[PDB]
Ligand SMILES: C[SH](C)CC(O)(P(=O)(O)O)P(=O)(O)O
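The chain below stands alone and is given as structure tokens, in the form solved without the ligand.
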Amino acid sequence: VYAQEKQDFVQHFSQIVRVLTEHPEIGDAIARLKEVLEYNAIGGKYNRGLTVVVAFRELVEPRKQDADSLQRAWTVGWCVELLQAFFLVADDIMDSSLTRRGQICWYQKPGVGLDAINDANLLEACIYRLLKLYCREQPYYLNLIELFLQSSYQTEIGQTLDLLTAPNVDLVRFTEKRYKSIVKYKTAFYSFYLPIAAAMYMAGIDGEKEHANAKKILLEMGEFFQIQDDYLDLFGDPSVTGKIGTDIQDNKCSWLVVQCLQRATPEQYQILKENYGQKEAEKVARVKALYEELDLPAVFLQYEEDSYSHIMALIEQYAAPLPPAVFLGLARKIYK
């Protein structure tokens, strides 16, 4: 689906850039914007953008899929990638990250620094420029502008909650209710709801009820994805994933610590109070081994089965009238 549509998606990028990087004296700014687009919108897996394109094909009767409709699908997928890029560039400055996608974070490059704040705003702005240029005449134009704006806001407000929740190792902040709330707003809305919802609108499916039904399935898939992402940060083999995890060094509200704290005798709370959020490795070793000693690998395994049963019921209940394959194709990318 994705294996076999990733090709035209990445080749489209070059057109995306052409049309955004066309008024003599603004030239130098426009060159900078090109360098920003190139460094930051390229080099991920493109799962979110591609989901737009795949879902567009599944949703539109194939006799309403001319060259220009496809091109709008490619474009809106690239909009989702640009929203991703905006959030990351800015999040990397906020967290003080060193690398991203296997390279030096844009803000850490020589003579970029905090100028990356403007660069990131430009990435966001490019979303609406593309939507104007390619979709202004379409009946779903407004629908999409609102979708992207709301996705930004949800993701922003989730970032606030995350930042309040994890500055300083106060583990009383790290609750289940709070973990779930952070994942929904910061991650799931834009990563899972947004791309399918966009394809929906592009197909004419604008009903509030249809969107709510898809949302219900897709926010739940997003919660599982992040939960598996947190497991793997620590237990994932690093040559299968790519990441090597610093969740624990960074005092993250990770599903692991949440579960751990649900399960600990008061003596264990202490070992964790003493090791959570530390630089030193031995004190990260002894967090791992405390998680191992509470069979969190196994709780996760149980959680993962339960979750899969749940998603399948959701799809059975709430997919109609969309093709269950829209959702199943996504479920297969994450439950693998």
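From 1 onward, residues are counted along the sequence shown. For clarity, a rigid core is taken as the largest C-alpha set superposing within 1.5 Å between two forms.
This protein has a second form, the form deposited with the ligand bound, left out of what is shown; the following refers to that one.
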Only one of 168-176, 225-233, 260-268, 133-141 gets a heavy atom within 4.5 Å of the ligand in the deposited bound form; which is it?
225-233
Ok, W74, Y190, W255, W106: which has a heavy atom sitting within 4.5 Å of the ligand in the deposited bound form?
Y190
Hey, in the deposited bound form, is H211 touching the ligand, heavy atoms inside 4.5 Å?
no
Spell out, yes or no, whether the shortest heavy atom distance between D95 and the ligand in the deposited bound form is within 4.5 Å.
yes
Verify the contact flag for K180: yes if a non-hydrogen atom of it lies within 4.5 Å of a non-hydrogen atom of the ligand in the deposited bound form, no if not.
no
Does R100 reach the ligand in the deposited bound form if we count a contact as any heavy atom within 4.5 Å?
yes
Quick one: with the rigid core lined up, which of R57, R48, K283, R32 moves its CA 2 Å or more between the shown form and the other one?
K283
Cα displacement of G158 between the shown form and the other one reaching 2 Å, rigid core superposed:
no
Does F174 move appreciably between the shown form and the other one, meaning a CA displacement of 2 Å or more on the superposed rigid core?
no
At a 2 Å cut-off on C-alpha positions, does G77 qualify as shifted between the shown form and the other one after fitting the rigid core?
no
